[PDB]
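In structure tokens, one chain follows: the form deposited in one PDB entry.
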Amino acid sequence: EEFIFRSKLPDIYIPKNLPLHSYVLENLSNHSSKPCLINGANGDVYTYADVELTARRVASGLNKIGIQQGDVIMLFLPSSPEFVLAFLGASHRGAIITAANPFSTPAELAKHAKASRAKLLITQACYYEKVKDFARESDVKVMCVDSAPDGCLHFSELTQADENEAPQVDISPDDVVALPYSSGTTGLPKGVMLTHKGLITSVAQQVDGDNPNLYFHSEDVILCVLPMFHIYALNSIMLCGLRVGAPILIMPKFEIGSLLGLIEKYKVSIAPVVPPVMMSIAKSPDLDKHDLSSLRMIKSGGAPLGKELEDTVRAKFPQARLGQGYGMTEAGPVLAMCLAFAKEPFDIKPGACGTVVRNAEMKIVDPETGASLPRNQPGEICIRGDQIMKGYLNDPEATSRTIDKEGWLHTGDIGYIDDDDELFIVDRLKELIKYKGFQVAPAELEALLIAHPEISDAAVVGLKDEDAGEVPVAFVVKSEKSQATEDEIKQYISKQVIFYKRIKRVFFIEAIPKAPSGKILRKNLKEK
């Protein structure tokens, strides 16, 4: 009956005519000599001035090697200063950045490059072997940041290019700048088109305003142990950090012992994490061997946070305020943010994932009738605002079933909003499986299984797991006289997919339960 929810914070001014790099580096002059990017693994450091200049050099270098405005560049790198420099340089060039986990298989990397139409791939030499075959076969340029195996280019060709040769580019706020992949509410992984305006809006919703929803001040140091090739770290850590002028302490590889030492050494104050990471930190027996007094904020997002883990963290890190952030790639990605993180904080309740961001609208709809619901009534969470995606790359039908005719993005998540405007996520409508914060699309694994000569049908479902949250398991229908075993099938999948998409168990059945239409009755399967 038309119930629209909004933030408890007032709307603020958000630019509608600026390129992403111009916006996040807008107040550069106020802290140009300050550390911007710090590699916690090797000590490398770039000041804000260094970053701004290098981004322009990268843009000049990209043009020099034939990369044009509108072209897609694919990063195959771990979180690092290099990733950020490449991203900002591409933005300055009017180019687009798509990225994949460097631990992806050769099959995944090629499929990603082909689907995104990447014209350049940037990675590390230790991962080059996985792109070699594809490289010298698709005419795509390959570049490495360390050594330059074969005839690949070197990243210095970009970082050390002449900034005076940076091409003059006219960038529209509606131009796409990032292309993260996501399976959305159903189906296979798709390219999510995020624009300059969309990302700017999402960043502003989090850190701008007299009373920012996510308050980061001058003395803060933000930890980046999450992957920049995914939206959480890209937006809430990288872009938000740059916008507020805070130094970003990057950890290319998560290691408890090292992290604790880095927190003391660099006085890390903000720790954006995911449940799996939080649990590892909590189980650490060395918390007393380091001074972690600088930590003042721990933000969990990307997956459900159980009460027990929430209680454990509050008990082990009493010097910090614990809270959640709720986001979805297609949403820009932040939908709601803990108001206890605001400059002038609001009270919050345990288990809540935050309050809908300002400069946006949220509604909860009955999954079957589409009707809007009032407070305390669970339904599908929908959001509308300039921060959402433009749409899915080359996939109009997927876009049409995700963003409705009135501009509302449908999340596939079930939740409700209480009397204090705090949002609670209680279930999931969509088939998405989440392993340690990573997306595991059942349809993707299903397609791979069915491609097997001895498999006629299959269905993949998520199995509850204390350590990863959910682990994928498969129900398989073998061909008539197949002698294939559980382990043989698992090995078949393990060789083609990234480590976290491996199927934990294979159950053989006679048929996959489907609706009269043909849709897989996943509810039935999960029910064993």
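For every residue, the number given is its place in the sequence shown, counted from 1. Under this definition, the rigid core comprises the largest set of C-alpha atoms superposing within 1.5 Å between the forms.
The form deposited in another entry exists for this protein as well; it is not shown, and the discussion that follows is about that form.
- Once the two forms are fitted on their rigid core, between this form and the one not shown the CA displacement reaches 2 Å or more only for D288 among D170, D427, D288, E344.
- Core-superposed comparison between this form and the one not shown: the CA of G61 stays below a 2 Å shift.
- Superposition on the rigid core between this form and the one not shown places the CA atom of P513 2 Å or more away from its counterpart.
- Residue displacement note: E470 has its CA displaced by at least 2 Å between this form and the one not shown (rigid core superposed).
- Figure legend: C-alpha atoms of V440 and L179, shown here, are separated by at least 3 angstroms more in the other form.
- Relative to this form, in the other form the C-alpha atoms of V440 and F103 separate from one another by 3 angstroms or more.
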